[PDB]
Amino acid sequence: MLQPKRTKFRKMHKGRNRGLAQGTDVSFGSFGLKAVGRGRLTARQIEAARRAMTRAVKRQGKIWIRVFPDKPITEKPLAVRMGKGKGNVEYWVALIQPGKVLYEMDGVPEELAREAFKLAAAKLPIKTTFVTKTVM
Amino acid sequence: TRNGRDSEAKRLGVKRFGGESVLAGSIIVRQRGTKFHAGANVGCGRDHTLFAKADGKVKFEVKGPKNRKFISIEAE
Amino acid sequence: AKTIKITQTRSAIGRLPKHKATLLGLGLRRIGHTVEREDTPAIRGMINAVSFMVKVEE
Amino acid sequence: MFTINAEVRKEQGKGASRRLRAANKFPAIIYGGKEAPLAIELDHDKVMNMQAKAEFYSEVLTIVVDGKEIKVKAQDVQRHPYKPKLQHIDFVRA
Amino acid sequence: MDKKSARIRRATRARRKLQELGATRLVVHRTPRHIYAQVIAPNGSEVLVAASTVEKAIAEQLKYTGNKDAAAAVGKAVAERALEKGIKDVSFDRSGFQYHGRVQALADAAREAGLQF
RNA sequence: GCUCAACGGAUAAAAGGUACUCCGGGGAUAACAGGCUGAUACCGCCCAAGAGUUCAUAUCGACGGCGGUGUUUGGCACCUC
RNA sequence: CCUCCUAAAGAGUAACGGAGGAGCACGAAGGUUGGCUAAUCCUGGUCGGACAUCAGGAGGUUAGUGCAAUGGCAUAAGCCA
RNA sequence: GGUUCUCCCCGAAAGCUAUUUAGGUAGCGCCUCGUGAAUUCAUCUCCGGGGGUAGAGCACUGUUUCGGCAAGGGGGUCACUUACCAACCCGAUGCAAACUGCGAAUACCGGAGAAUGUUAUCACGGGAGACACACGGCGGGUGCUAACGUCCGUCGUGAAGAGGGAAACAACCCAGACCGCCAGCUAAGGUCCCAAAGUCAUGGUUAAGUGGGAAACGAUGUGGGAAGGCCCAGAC
RNA sequence: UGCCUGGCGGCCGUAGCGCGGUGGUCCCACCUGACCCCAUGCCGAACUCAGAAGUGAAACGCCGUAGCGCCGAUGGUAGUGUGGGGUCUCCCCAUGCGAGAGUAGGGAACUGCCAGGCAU
Ligand SMILES: [Mg+2]
Ligand SMILES: [Mg+2]
Ligand SMILES: [Mg+2]
Ligand SMILES: [Mg+2]
Ligand SMILES: [Mg+2]
Ligand SMILES: [Mg+2]
Ligand SMILES: [Mg+2]
Ligand SMILES: [Mg+2]
Ligand SMILES: [Mg+2]
Ligand SMILES: [Mg+2]
Ligand SMILES: [Mg+2]
Ligand SMILES: [Mg+2]
Ligand SMILES: [Mg+2]
Ligand SMILES: [Mg+2]
Ligand SMILES: [Mg+2]
Ligand SMILES: [Mg+2]
Ligand SMILES: [Mg+2]
Ligand SMILES: [Mg+2]
Ligand SMILES: [Mg+2]
Ligand SMILES: [Mg+2]
Ligand SMILES: [Mg+2]
Ligand SMILES: [Mg+2]
Ligand SMILES: [Mg+2]
Ligand SMILES: [Mg+2]
Ligand SMILES: [Mg+2]
Ligand SMILES: [Mg+2]
Ligand SMILES: [Mg+2]
Ligand SMILES: [Mg+2]
Ligand SMILES: [Mg+2]
Ligand SMILES: [Mg+2]
Ligand SMILES: [Mg+2]
Ligand SMILES: [Mg+2]
Ligand SMILES: [Mg+2]
Ligand SMILES: [Mg+2]
Ligand SMILES: [Mg+2]
């Protein structure tokens, strides 16, 4: 399960998730799983999808995870009123804008990479597309 | 432990912008450090406040090898 | 300069304060009020800010 | 030999470029040499099927701008964030 | 720091204060072999008067160009030339060198000759 | 010469109980019910590693995903003091 | 009471929002004149080691500032007489 | 809690600061009346300014993945070595309210000029009210980018605003009612009937009463477009 | 008038760094000597004084060179003021403003006052 090893600060303002993605190209492998949607990926969703695609390629080839869940998410428990300080950190998300290449793969035939990515995509809360490496 | 504290805003910043006619003594900029340095006809106070040493027009300029900000007073 | 005619075309109700200030600057009083003004860039600046609610006849 | 047909852009900017893409066309630039850069428009479908071939990025292409022929090389490509579309192409005079 | 850069650093504060005061300055330069003196206008881009040991007219009547006696000669020379052009009030710029020996001899000579500083 | 620190400092000088209670008021403000919300809850689905001798989907189903209801635990304080 | 963010590129701007600090110190740790320039890493060196002091090189203020933070600071505001 | 005749002009606030203060009060802000004073003030144009926000970026502060190179830590040695871990440095890839070697749009300050505006401006003096705000838009904090939630900023409307539209519906859209008319034109929104106005014209799509509630996901539903594989050496 | 050098400025990396070459009559530098003026929390390293046997090695100046820094379009993209709109956590249209990064390319500074050496 991915998570920052240490952080300058514990908690972070909600913020917004406007704009288009940076890192929209297959830069390490031969194939990629690109986000078409906008949303948050939790560390558990990222791991769930990583496990699915790894089992699929029978632990042959190489996998890259282009996303990192560095955003701390707080939550107020049940029977707790409003105020009295910001809630406690429970999980970590990665903000996802349309275009982000989430995962990359190489060392496997296109057909297999396509299936592995089909299996991982089902564990994600946002719409994805299969992408291939390009000459510029 | 608990948060909840903050200090009073110190009302710092530029008091007289470029071109403004000032009488000698008028504070041009209240700042924490020397974000702006005193140029010609401009004095520097103990709290790094820049003030007019002569009547005239406020002039902002970038001078020197360190590309620093300077406030000067041009005669009008 | 030459004279132009400006007419308020929409209501000032709900308009930004600056836009109401501009309509006062043109002397436009009510919807449909046509007014004769000198075609200078200052008058043309005012016309531009409140363009959506005035019609110009040159 | 890749032959691309193009028209000169009668307009420039955000508004005008977005209007081309809605009209199944896309802006592109030709620069390099002593010559002034030429702002051009391309048919999306045509260039899209061409760039599918690896040779497009290596070979010298000919751009036909109002009769005139211009030998160029694909310098840079701005692709759509997630769709299989082209946003803009940089062509350098060869 | 190397000798030259270290000297310029030592000279910077006084030169900036003199610039600020808009004072006419008598700039002294010293070398193992020679001693120089220039009277520079407040703008700092134009010389009003100058004298040194590289000048044939001064070096001729001196034993060695790089000693306290030569310095006193250059000192007397600038003040005389400055007074001929009406330049009376100046500010001494030691230019990173200590106000001592040769530098002092030049400044004491200029003061004697009639220059006011 | 005051941690007059409740720091524009009611006095030099001050803690509690009331289910024995009382008055003026408030739905400006809690408890019941309504309302908004739906995190929680309950119900359903998507993916399918695996269980099922053999076989994912007879019956189940991990890691994760999307909803529906207003229905529990709650949030809010809009209605009635 | 002080510092930063929230604060929407002048000022100001709320919550039982997110983070910290003050209620002192100093006759020099003040004034001025004159001078000086860190951190960190690599190489070599009695005891001596990952790290003490010494020498060279890289580095260029990331050091330092009595103390929180931010803005400053080489003409140093840093360090010495 | 209540506060009694009429007409006319103007017209708030629900904010800041302090308060044994918090549903009270005081100063300031905003209203009104009077006196005085400048082209005083507003819009726009041109001119003179400072930004560190949006965006972006990754040198700095942190954080992050892949590759390359590697001081150092952990296990065998009886200094040498290892299928481990690995800071720095180099190349590649991201992330930031409390990062910035970049950096807008706006906004704000100042100068000049015209037009317009019943002085709208400033000062002094008389009289106040008000310091429970609400919703909607934009930018945020908090909360679950939950609440007709809560807390700031900024604009609009309601408050204190009738008329037309959104079935009904303070706060949304259009629009600001001095009085009379059995005239006319328009706005939002509409034109088959209830119900004023097109069963209007032209060209397409849909067959679900979709229109007239809802997602991941699923499917030879159907319209348009560009390409491609196989095929009379006989494809499906 | 030209070439070279020193000083003092303008400007503040198109101006800096690196690499290669190059200069000593003059200037500059290292250099020689040190009792003394003056100096070292020790040291003539530095500061300083008296000089001229040596050398341009270092430094410094100049010339060359795109390895790095630096400057940098055009076009597109991001954002955003105003008006409008949607499927309204986010977008789109009209209009105005319009980055940052990257790309082509530029680039081995430019300039004033005074003084000294040399040459015509
Ligand atoms: Mg636009
Ligand atoms: Mg108090
Ligand atoms: Mg009672
Ligand atoms: Mg209530
Ligand atoms: Mg209840
Ligand atoms: Mg409330
Ligand atoms: Mg009720
Ligand atoms: Mg501010
Ligand atoms: Mg602002
Ligand atoms: Mg100190
Ligand atoms: Mg000093
Ligand atoms: Mg060592
Ligand atoms: Mg009125
Ligand atoms: Mg009190
Ligand atoms: Mg301007
Ligand atoms: Mg941002
Ligand atoms: Mg690595
Ligand atoms: Mg008054
Ligand atoms: Mg009150
Ligand atoms: Mg209140
Ligand atoms: Mg409020
Ligand atoms: Mg509310
Ligand atoms: Mg009321
Ligand atoms: Mg009705
Ligand atoms: Mg009808
Ligand atoms: Mg329906
Ligand atoms: Mg067959
Ligand atoms: Mg020596
Ligand atoms: Mg040499
Ligand atoms: Mg432009
Ligand atoms: Mg720019
Ligand atoms: Mg640019
Ligand atoms: Mg750049
Ligand atoms: Mg070049
Ligand atoms: Mg000469």
# chains A, B, ... in the order shown; residues from 1 in each chain; ligands from 1
$ interface_residues --of "chain I" --to "chain A" --cutoff "9 Å" --atoms "only C-alpha atoms (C1' of nucleotides)" --output "PyMOL selection string"
chain I and resi 78+89-90
$ residues_near_ligand --ligand "ligand 9" --cutoff "7 Å" --atoms "only C-alpha atoms (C1' of nucleotides) and all ligand atoms" --output "PDB file with C-alpha atoms (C1' of nucleotides), in the first residue's frame"
ATOM      1  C1'   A G   8      -9.140  35.140  -3.836  1.00  0.00           C
ATOM      2  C1'   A G   9      -0.886  38.756  -6.779  1.00  0.00           C
TER       3        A G   9
ATOM      4  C1'   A H 107      -8.396  44.227  -8.707  1.00  0.00           C
TER       5        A H 107
END
$ atom_distance --atom1 "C1' of residue 57 (chain H)" --atom2 "CA of residue 92 (chain A)"
24.0 Å
$ residues_near_ligand --ligand "ligand 12" --cutoff "9 Å" --atoms "only C-alpha atoms (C1' of nucleotides) and all ligand atoms" --output "ChimeraX atom specification"
/G:43-45
$ interface_residues --of "chain D" --to "chain H" --cutoff "9 Å" --atoms "only C-alpha atoms (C1' of nucleotides)" --output "VMD selection string"
chain D and resid 45 to 46 49
$ residues_near_ligand --ligand "ligand 13" --cutoff "9 Å" --atoms "only C-alpha atoms (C1' of nucleotides) and all ligand atoms" --output "PyMOL selection string"
chain H and resi 9-11
$ residues_around --residues "region 68-78 of chain H" --least-positions-apart "6" --cutoff "12 Å" --atoms "only C-alpha atoms (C1' of nucleotides)" --output "JSON, numbers by chain"
{"G": [41, 42, 50], "H": [84, 85, 86, 87, 88, 89, 90, 91, 92]}
$ residues_near_ligand --ligand "ligand 3" --cutoff "12 Å" --atoms "only C-alpha atoms (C1' of nucleotides) and all ligand atoms" --output "PyMOL selection string"
chain F and resi 22-26+81
$ closest_atom_pairs --of "chain D" --to "chain A" --cutoff "8 Å" --atoms "only C-alpha atoms" --output "JSON lines"
{"residue": "D:54", "atom": "CA", "partner": "A:135", "partner_atom": "CA", "distance": 7.1}
{"residue": "D:57", "atom": "CA", "partner": "A:135", "partner_atom": "CA", "distance": 7.0}
{"residue": "D:76", "atom": "CA", "partner": "A:136", "partner_atom": "CA", "distance": 6.8}
{"residue": "D:77", "atom": "CA", "partner": "A:136", "partner_atom": "CA", "distance": 6.8}
{"residue": "D:81", "atom": "CA", "partner": "A:99", "partner_atom": "CA", "distance": 4.7}
{"residue": "D:82", "atom": "CA", "partner": "A:99", "partner_atom": "CA", "distance": 5.0}
$ closest_residue --among "A:120, A:53, A:93, A:82" --to "chain G" --atoms "only C-alpha atoms (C1' of nucleotides)"
A:82
$ interface_residues --of "chain E" --to "chain B" --cutoff "12 Å" --atoms "only C-alpha atoms" --output "VMD selection string"
chain E and resid 16 to 17 19 to 22
$ write_last_selection --atoms "N, CA and C atoms" --output "mmCIF file, in the first residue's frame"
data_model
loop_
_atom_site.group_PDB
_atom_site.id
_atom_site.type_symbol
_atom_site.label_atom_id
_atom_site.label_comp_id
_atom_site.auth_asym_id
_atom_site.auth_seq_id
_atom_site.Cartn_x
_atom_site.Cartn_y
_atom_site.Cartn_z
ATOM 1 N N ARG E 16 29.970 53.423 -1.774
ATOM 2 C CA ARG E 16 28.515 53.520 -1.870
ATOM 3 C C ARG E 16 28.011 54.686 -1.033
ATOM 4 N N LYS E 17 28.624 54.940 0.149
ATOM 5 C CA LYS E 17 28.240 56.061 1.005
ATOM 6 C C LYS E 17 28.623 57.361 0.352
ATOM 7 N N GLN E 19 28.890 57.794 -2.899
ATOM 8 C CA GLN E 19 27.973 57.917 -4.028
ATOM 9 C C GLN E 19 26.678 58.597 -3.529
ATOM 10 N N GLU E 20 26.122 58.085 -2.401
ATOM 11 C CA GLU E 20 24.918 58.534 -1.697
ATOM 12 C C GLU E 20 25.008 60.004 -1.306
ATOM 13 N N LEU E 21 26.175 60.451 -0.818
ATOM 14 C CA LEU E 21 26.374 61.828 -0.375
ATOM 15 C C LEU E 21 26.618 62.774 -1.541
ATOM 16 N N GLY E 22 26.877 62.210 -2.729
ATOM 17 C CA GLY E 22 27.151 62.962 -3.951
ATOM 18 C C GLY E 22 28.370 63.839 -3.798
#
$ select_by_dssp --residues "region 13-95 of chain E" --states "strand (DSSP E or B)" --output "compact mmCIF listing (two decimals) with C-alpha atoms, in the first residue's frame"
# COMPACT_ATOMS: atom_id res chain seq x y z
CA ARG E 25 36.18 61.96 -4.41
CA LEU E 26 40.00 61.73 -4.52
CA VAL E 27 40.52 58.03 -5.49
CA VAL E 28 43.95 56.57 -4.64
CA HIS E 29 45.37 53.35 -6.26
CA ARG E 30 48.56 51.68 -5.02
CA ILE E 35 50.99 55.12 -6.71
CA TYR E 36 48.11 56.85 -8.55
CA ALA E 37 45.54 59.60 -7.70
CA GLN E 38 42.30 60.67 -9.54
CA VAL E 39 39.67 63.28 -8.68
CA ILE E 40 36.36 61.81 -9.99
CA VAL E 47 37.84 62.38 -14.16
CA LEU E 48 38.39 66.09 -13.35
CA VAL E 49 42.12 65.86 -12.40
CA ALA E 50 44.75 63.08 -12.15
CA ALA E 51 48.43 62.54 -11.13
CA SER E 52 50.69 59.47 -10.81
CA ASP E 89 36.34 70.29 -1.30
CA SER E 91 36.35 63.21 0.08
CA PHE E 92 39.23 60.77 0.36
CA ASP E 93 38.58 57.20 -0.97
$ select_by_dssp --residues "chain D" --states "alpha helix (DSSP H)" --output "PyMOL selection string"
chain D and resi 14-22+44-50+55-58
$ residues_near_ligand --ligand "ligand 30" --cutoff "10 Å" --atoms "only C-alpha atoms (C1' of nucleotides) and all ligand atoms" --output "number ranges by chain"
I: 97-99
$ residues_near_ligand --ligand "ligand 29" --cutoff "9 Å" --atoms "only C-alpha atoms (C1' of nucleotides) and all ligand atoms" --output "ChimeraX atom specification"
/I:22-23,56-59
$ closest_atom_pairs --of "chain F" --to "ligand 2" --cutoff "12 Å" --atoms "only C-alpha atoms (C1' of nucleotides) and all ligand atoms" --output "CSV"
residue,atom,partner,partner_atom_place_in_ligand_line,distance
F:4,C1',ligand 2,1 (Mg),11.4
F:5,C1',ligand 2,1 (Mg),10.7
F:6,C1',ligand 2,1 (Mg),7.1
F:7,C1',ligand 2,1 (Mg),7.0
F:8,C1',ligand 2,1 (Mg),6.1
F:9,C1',ligand 2,1 (Mg),8.1
$ write_last_selection --atoms "C-alpha atoms (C1' of nucleotides)" --output "PDB file, in the first residue's frame"
ATOM      1  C1'   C F   4      -5.813  43.373  37.599  1.00  0.00           C
ATOM      2  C1'   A F   5      -3.235  36.374  32.490  1.00  0.00           C
ATOM      3  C1'   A F   6     -11.236  36.495  32.246  1.00  0.00           C
ATOM      4  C1'   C F   7      -4.668  40.295  30.009  1.00  0.00           C
ATOM      5  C1'   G F   8      -9.908  47.884  27.713  1.00  0.00           C
ATOM      6  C1'   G F   9      -8.322  45.917  34.126  1.00  0.00           C
TER       7        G F   9
END
$ interface_residues --of "chain I" --to "chain C" --cutoff "12 Å" --atoms "only C-alpha atoms (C1' of nucleotides)" --output "list in words"
residues 81, 82, 83, 84, 94, 95 and 96 of chain I
$ write_last_selection --atoms "N, CA and C atoms (P, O5', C5', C4', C3', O3' and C1' of nucleotides)" --output "PDB file, in the first residue's frame"
ATOM      1  P     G I  81     -12.486  35.718 -13.747  1.00  0.00           P
ATOM      2  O5'   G I  81     -12.392  37.154 -14.440  1.00  0.00           O
ATOM      3  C5'   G I  81     -12.177  38.332 -13.675  1.00  0.00           C
ATOM      4  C4'   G I  81     -12.470  39.566 -14.501  1.00  0.00           C
ATOM      5  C3'   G I  81     -13.861  39.631 -15.108  1.00  0.00           C
ATOM      6  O3'   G I  81     -14.810  40.111 -14.179  1.00  0.00           O
ATOM      7  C1'   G I  81     -12.293  40.088 -16.796  1.00  0.00           C
ATOM      8  P     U I  82     -16.270  39.453 -14.121  1.00  0.00           P
ATOM      9  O5'   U I  82     -16.921  39.950 -15.484  1.00  0.00           O
ATOM     10  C5'   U I  82     -17.188  41.339 -15.688  1.00  0.00           C
ATOM     11  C4'   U I  82     -17.754  41.591 -17.068  1.00  0.00           C
ATOM     12  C3'   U I  82     -18.931  40.732 -17.447  1.00  0.00           C
ATOM     13  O3'   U I  82     -20.116  41.233 -16.895  1.00  0.00           O
ATOM     14  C1'   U I  82     -17.384  40.703 -19.212  1.00  0.00           C
ATOM     15  P     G I  83     -21.250  40.199 -16.412  1.00  0.00           P
ATOM     16  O5'   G I  83     -21.901  39.701 -17.798  1.00  0.00           O
ATOM     17  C5'   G I  83     -22.687  40.572 -18.591  1.00  0.00           C
ATOM     18  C4'   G I  83     -22.944  39.962 -19.946  1.00  0.00           C
ATOM     19  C3'   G I  83     -23.637  38.613 -19.939  1.00  0.00           C
ATOM     20  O3'   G I  83     -25.029  38.708 -19.706  1.00  0.00           O
ATOM     21  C1'   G I  83     -21.842  38.536 -21.448  1.00  0.00           C
ATOM     22  P     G I  84     -25.716  37.567 -18.824  1.00  0.00           P
ATOM     23  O5'   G I  84     -25.623  36.292 -19.809  1.00  0.00           O
ATOM     24  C5'   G I  84     -26.632  36.046 -20.772  1.00  0.00           C
ATOM     25  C4'   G I  84     -26.200  35.003 -21.795  1.00  0.00           C
ATOM     26  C3'   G I  84     -26.373  33.566 -21.377  1.00  0.00           C
ATOM     27  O3'   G I  84     -27.719  33.126 -21.460  1.00  0.00           O
ATOM     28  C1'   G I  84     -24.296  33.802 -22.365  1.00  0.00           C
ATOM     29  P     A I  94     -16.655  30.425 -30.076  1.00  0.00           P
ATOM     30  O5'   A I  94     -17.203  31.891 -29.715  1.00  0.00           O
ATOM     31  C5'   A I  94     -18.266  32.433 -30.461  1.00  0.00           C
ATOM     32  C4'   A I  94     -18.648  33.828 -30.003  1.00  0.00           C
ATOM     33  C3'   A I  94     -17.516  34.792 -29.777  1.00  0.00           C
ATOM     34  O3'   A I  94     -17.046  35.344 -30.991  1.00  0.00           O
ATOM     35  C1'   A I  94     -18.988  34.915 -27.959  1.00  0.00           C
ATOM     36  P     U I  95     -15.466  35.510 -31.217  1.00  0.00           P
ATOM     37  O5'   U I  95     -15.083  36.743 -30.263  1.00  0.00           O
ATOM     38  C5'   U I  95     -15.700  37.997 -30.462  1.00  0.00           C
ATOM     39  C4'   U I  95     -15.490  38.920 -29.285  1.00  0.00           C
ATOM     40  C3'   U I  95     -14.061  39.062 -28.815  1.00  0.00           C
ATOM     41  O3'   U I  95     -13.341  39.919 -29.626  1.00  0.00           O
ATOM     42  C1'   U I  95     -15.436  38.746 -26.948  1.00  0.00           C
ATOM     43  P     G I  96     -11.784  39.638 -29.888  1.00  0.00           P
ATOM     44  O5'   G I  96     -11.096  40.216 -28.568  1.00  0.00           O
ATOM     45  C5'   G I  96     -11.167  41.601 -28.293  1.00  0.00           C
ATOM     46  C4'   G I  96     -10.736  41.908 -26.875  1.00  0.00           C
ATOM     47  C3'   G I  96      -9.409  41.337 -26.456  1.00  0.00           C
ATOM     48  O3'   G I  96      -8.322  42.071 -26.973  1.00  0.00           O
ATOM     49  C1'   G I  96     -10.947  40.980 -24.741  1.00  0.00           C
TER      50        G I  96
END
$ residues_near_ligand --ligand "ligand 35" --cutoff "10 Å" --atoms "only C-alpha atoms (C1' of nucleotides) and all ligand atoms" --output "PDB file with C-alpha atoms (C1' of nucleotides), in the first residue's frame"
ATOM      1  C1'   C I 114      41.151  59.904 -17.522  1.00  0.00           C
ATOM      2  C1'   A I 115      46.216  58.117 -17.557  1.00  0.00           C
ATOM      3  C1'   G I 116      50.526  55.255 -19.389  1.00  0.00           C
ATOM      4  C1'   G I 117      53.432  52.206 -23.264  1.00  0.00           C
TER       5        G I 117
END
$ decode --residues "region 15-39 of chain E" --atoms "N, CA and C atoms" --output "tab-separated table (two decimals), in the first residue's frame"
chain	number	residue	atom	x	y	z
E	15	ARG	N	32.61	53.68	-0.77
E	15	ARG	CA	32.30	54.14	-2.13
E	15	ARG	C	30.82	54.33	-2.36
E	16	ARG	N	29.97	53.42	-1.77
E	16	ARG	CA	28.52	53.52	-1.87
E	16	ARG	C	28.01	54.69	-1.03
E	17	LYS	N	28.62	54.94	0.15
E	17	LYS	CA	28.24	56.06	1.01
E	17	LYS	C	28.62	57.36	0.35
E	18	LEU	N	29.79	57.38	-0.33
E	18	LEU	CA	30.25	58.58	-1.02
E	18	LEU	C	29.36	58.86	-2.21
E	19	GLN	N	28.89	57.79	-2.90
E	19	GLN	CA	27.97	57.92	-4.03
E	19	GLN	C	26.68	58.60	-3.53
E	20	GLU	N	26.12	58.09	-2.40
E	20	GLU	CA	24.92	58.53	-1.70
E	20	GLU	C	25.01	60.00	-1.31
E	21	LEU	N	26.17	60.45	-0.82
E	21	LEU	CA	26.37	61.83	-0.38
E	21	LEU	C	26.62	62.77	-1.54
E	22	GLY	N	26.88	62.21	-2.73
E	22	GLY	CA	27.15	62.96	-3.95
E	22	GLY	C	28.37	63.84	-3.80
E	23	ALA	N	29.43	63.25	-3.23
E	23	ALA	CA	30.71	63.91	-2.95
E	23	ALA	C	31.72	63.71	-4.06
E	24	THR	N	32.56	64.73	-4.33
E	24	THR	CA	33.66	64.65	-5.30
E	24	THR	C	34.75	63.87	-4.56
E	25	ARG	N	35.22	62.77	-5.14
E	25	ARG	CA	36.18	61.96	-4.41
E	25	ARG	C	37.58	61.90	-5.04
E	26	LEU	N	38.60	61.87	-4.18
E	26	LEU	CA	40.00	61.73	-4.52
E	26	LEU	C	40.31	60.23	-4.33
E	27	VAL	N	40.29	59.48	-5.44
E	27	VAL	CA	40.52	58.03	-5.49
E	27	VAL	C	42.01	57.71	-5.63
E	28	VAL	N	42.56	57.00	-4.65
E	28	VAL	CA	43.95	56.57	-4.64
E	28	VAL	C	44.06	55.08	-5.02
E	29	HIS	N	45.04	54.73	-5.86
E	29	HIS	CA	45.37	53.35	-6.26
E	29	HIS	C	46.86	53.15	-5.99
E	30	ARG	N	47.21	51.99	-5.45
E	30	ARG	CA	48.56	51.68	-5.02
E	30	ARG	C	48.96	50.33	-5.57
E	31	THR	N	50.24	50.23	-5.94
E	31	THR	CA	50.87	49.08	-6.55
E	31	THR	C	52.29	48.99	-6.00
E	32	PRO	N	52.92	47.79	-5.86
E	32	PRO	CA	54.34	47.74	-5.44
E	32	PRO	C	55.29	48.74	-6.13
E	33	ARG	N	55.09	48.98	-7.44
E	33	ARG	CA	55.93	49.89	-8.24
E	33	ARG	C	55.43	51.32	-8.33
E	34	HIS	N	54.09	51.54	-8.38
E	34	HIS	CA	53.52	52.88	-8.55
E	34	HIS	C	52.36	53.25	-7.61
E	35	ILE	N	52.11	54.56	-7.46
E	35	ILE	CA	50.99	55.12	-6.71
E	35	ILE	C	50.28	56.11	-7.63
E	36	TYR	N	48.95	56.04	-7.68
E	36	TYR	CA	48.11	56.85	-8.55
E	36	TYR	C	47.05	57.63	-7.75
E	37	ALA	N	46.59	58.77	-8.29
E	37	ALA	CA	45.54	59.60	-7.70
E	37	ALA	C	44.66	60.22	-8.79
E	38	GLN	N	43.33	60.13	-8.63
E	38	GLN	CA	42.30	60.67	-9.54
E	38	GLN	C	41.21	61.39	-8.77
E	39	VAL	N	40.77	62.53	-9.27
E	39	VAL	CA	39.67	63.28	-8.68
E	39	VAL	C	38.49	63.09	-9.63
